[PDB]
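Q: After the structure tokens below, expect a handful of questions from me.
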Amino acid sequence: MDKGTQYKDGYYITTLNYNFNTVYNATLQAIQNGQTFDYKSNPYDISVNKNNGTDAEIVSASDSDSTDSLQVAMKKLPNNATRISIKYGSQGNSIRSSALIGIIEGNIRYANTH
């Protein structure tokens, strides 16, 4: 039905039916190039960016948000899909993440088209 967007206890987890290569690119752009700002204008910038090959995971630390860090996990599926797992702070990071996903998929939709 849907790609697989699940929200549970602050966690935002989804599958994106697009290639891990483009998903990494889009996700990087979304956070790194400041394609999304929060109302509290909090530091979104990346503290660890690492590629594995089946993993690409972005970890940014939040100094202003004492409650946690921004962690986005991108996992490569052999079905030309990518699984994204978001890490939340006690305030509910799912809000940031829902916008994040829109940007990630949307950017792919422009670049990839079909």
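By order in the structure tokens, chains are A, B, ...; within a chain, residues start at 1; ligands start at 1, following the order shown.
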For residue 53 (chain A), find every residue with an atom within 10 Å (counting only C-alpha atoms), except residues of its own chain fewer than 6 positions away, and show them as an NGL selection string.
A: :A and (20-21 or 75-76)
Q: Go through A:111, A:30, A:95, A:48 one by one, measure the shortest atom-to-atom distance of each to residue 69 (chain A) using only C-alpha atoms, and give the residue with the smallest value.
A: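 Looking at the shortest contact to residue 69 (chain A), the residue is A:48.
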Q: I need the residue nearest residue 70 (chain A) from this list: A:110, A:11, A:24, A:39. Use only C-alpha atoms for the distance.
A: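 Result for the nearest residue to residue 70 (chain A): A:11.
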Q: Could you pull out the strand (DSSP E or B) residues of region 45-90 of chain A, going by DSSP on the backbone, and write them as number ranges by chain?
A: A: 46-51, 55-61, 69-77, 81-87
Q: Please produce an output containing C-alpha atoms for each residue in the selection, written as an mmCIF file, in the first residue's frame.
A:
data_model
loop_
_atom_site.group_PDB
_atom_site.id
_atom_site.type_symbol
_atom_site.label_atom_id
_atom_site.label_comp_id
_atom_site.auth_asym_id
_atom_site.auth_seq_id
_atom_site.Cartn_x
_atom_site.Cartn_y
_atom_site.Cartn_z
ATOM 1 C CA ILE A 46 26.359 16.241 11.145
ATOM 2 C CA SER A 47 28.780 14.803 13.639
ATOM 3 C CA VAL A 48 29.253 11.407 11.901
ATOM 4 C CA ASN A 49 28.545 10.536 8.324
ATOM 5 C CA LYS A 50 29.457 7.042 7.463
ATOM 6 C CA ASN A 51 29.017 4.698 4.588
ATOM 7 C CA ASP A 55 24.450 1.106 5.579
ATOM 8 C CA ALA A 56 24.632 4.800 5.343
ATOM 9 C CA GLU A 57 23.901 6.525 8.490
ATOM 10 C CA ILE A 58 23.897 10.102 9.454
ATOM 11 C CA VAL A 59 24.428 11.049 13.052
ATOM 12 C CA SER A 60 24.275 14.627 14.112
ATOM 13 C CA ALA A 61 24.452 15.671 17.731
ATOM 14 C CA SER A 69 20.835 13.496 18.836
ATOM 15 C CA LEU A 70 19.644 13.395 15.230
ATOM 16 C CA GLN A 71 20.249 9.949 13.894
ATOM 17 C CA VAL A 72 18.985 8.779 10.557
ATOM 18 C CA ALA A 73 19.701 5.249 9.549
ATOM 19 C CA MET A 74 19.542 4.238 5.935
ATOM 20 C CA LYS A 75 19.676 0.617 5.143
ATOM 21 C CA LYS A 76 19.964 -0.787 1.651
ATOM 22 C CA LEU A 77 17.476 -3.354 0.475
ATOM 23 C CA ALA A 81 14.567 0.084 -1.680
ATOM 24 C CA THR A 82 15.993 1.754 1.356
ATOM 25 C CA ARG A 83 14.837 1.413 4.968
ATOM 26 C CA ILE A 84 15.045 4.482 7.100
ATOM 27 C CA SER A 85 14.988 4.505 10.800
ATOM 28 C CA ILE A 86 14.851 7.699 12.769
ATOM 29 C CA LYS A 87 16.012 8.185 16.325
#
Q: Using DSSP on the backbone, list every residue of region 43-99 of chain A that comes out as helix (DSSP H, G or I), and give them as a ChimeraX atom specification.
A: /A:94-99
Q: Restricted to N, CA, C and O atoms, what would the selected residues look like written as a PDB file, in the first residue's frame?
A:
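Dumped everything to selection-v6.pdb:
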ATOM      1  N   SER A  94       9.707  12.715  15.385  1.00  0.00           N
ATOM      2  CA  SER A  94       8.878  12.331  14.261  1.00  0.00           C
ATOM      3  C   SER A  94       8.373  13.549  13.450  1.00  0.00           C
ATOM      4  O   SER A  94       8.184  13.453  12.239  1.00  0.00           O
ATOM      5  N   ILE A  95       8.208  14.692  14.120  1.00  0.00           N
ATOM      6  CA  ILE A  95       7.772  15.933  13.464  1.00  0.00           C
ATOM      7  C   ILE A  95       8.828  16.378  12.434  1.00  0.00           C
ATOM      8  O   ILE A  95       8.517  16.588  11.254  1.00  0.00           O
ATOM      9  N   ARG A  96      10.083  16.458  12.886  1.00  0.00           N
ATOM     10  CA  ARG A  96      11.223  16.821  12.030  1.00  0.00           C
ATOM     11  C   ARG A  96      11.338  15.818  10.890  1.00  0.00           C
ATOM     12  O   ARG A  96      11.507  16.173   9.724  1.00  0.00           O
ATOM     13  N   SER A  97      11.195  14.574  11.259  1.00  0.00           N
ATOM     14  CA  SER A  97      11.396  13.445  10.388  1.00  0.00           C
ATOM     15  C   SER A  97      10.355  13.338   9.279  1.00  0.00           C
ATOM     16  O   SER A  97      10.683  12.936   8.167  1.00  0.00           O
ATOM     17  N   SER A  98       9.118  13.703   9.568  1.00  0.00           N
ATOM     18  CA  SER A  98       8.076  13.618   8.573  1.00  0.00           C
ATOM     19  C   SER A  98       8.378  14.607   7.441  1.00  0.00           C
ATOM     20  O   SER A  98       8.181  14.303   6.261  1.00  0.00           O
ATOM     21  N   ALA A  99       8.885  15.773   7.812  1.00  0.00           N
ATOM     22  CA  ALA A  99       9.286  16.766   6.841  1.00  0.00           C
ATOM     23  C   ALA A  99      10.537  16.301   6.104  1.00  0.00           C
ATOM     24  O   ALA A  99      10.650  16.469   4.895  1.00  0.00           O
TER      25      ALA A  99
END
Q: Measuring atom to atom with only C-alpha atoms, identify which of A:25, A:5, A:41, A:80 is nearest to residue 63 (chain A).
A: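 Ranked by minimum distance to residue 63 (chain A), first place goes to A:41.
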Q: Any idea what the distance is between CA of residue 78 (chain A) and CA of residue 16 (chain A)?
A: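 It comes out at 12.4 Å.
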Q: So that I can see what lies close to residue 79 (chain A), please list as a CSV table (one decimal) with N, CA, C and O atoms, in the first residue's frame the residues with an atom at most 9 Å from it, counting only C-alpha atoms and leaving out residues fewer than 5 positions away in the same chain.
A:
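Result written to selection_15.csv:
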chain,number,residue,atom,x,y,z
A,17,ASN,N,10.9,3.3,-1.4
A,17,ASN,CA,11.1,2.5,-2.6
A,17,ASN,C,11.9,3.2,-3.6
A,17,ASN,O,11.3,3.6,-4.6
A,18,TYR,N,13.1,3.5,-3.3
A,18,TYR,CA,14.1,4.1,-4.2
A,18,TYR,C,15.5,3.6,-3.8
A,18,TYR,O,15.7,3.1,-2.7
A,19,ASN,N,16.4,3.7,-4.7
A,19,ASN,CA,17.7,3.2,-4.6
A,19,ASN,C,18.5,3.9,-3.5
A,19,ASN,O,18.5,5.2,-3.4
Q: Which one of A:103, A:65, A:12, A:89 sits closest to residue 40 (chain A) if you count only C-alpha atoms?
A: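 Smallest separation from residue 40 (chain A) among the options: A:65.
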Q: Suppose you want the space between CA of residue 10 (chain A) and CA of residue 93 (chain A); what is it in Å?
A: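 Between these atoms lies a distance of 6.0 Å.
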Q: Rank nothing, just name the residue among A:9, A:43, A:88, A:107 nearest to residue 27 (chain A), using only C-alpha atoms.
A: A:107
Q: One number please: CA of residue 26 (chain A) to CA of residue 3 (chain A), in Å, one decimal.
A: 16.8 Å
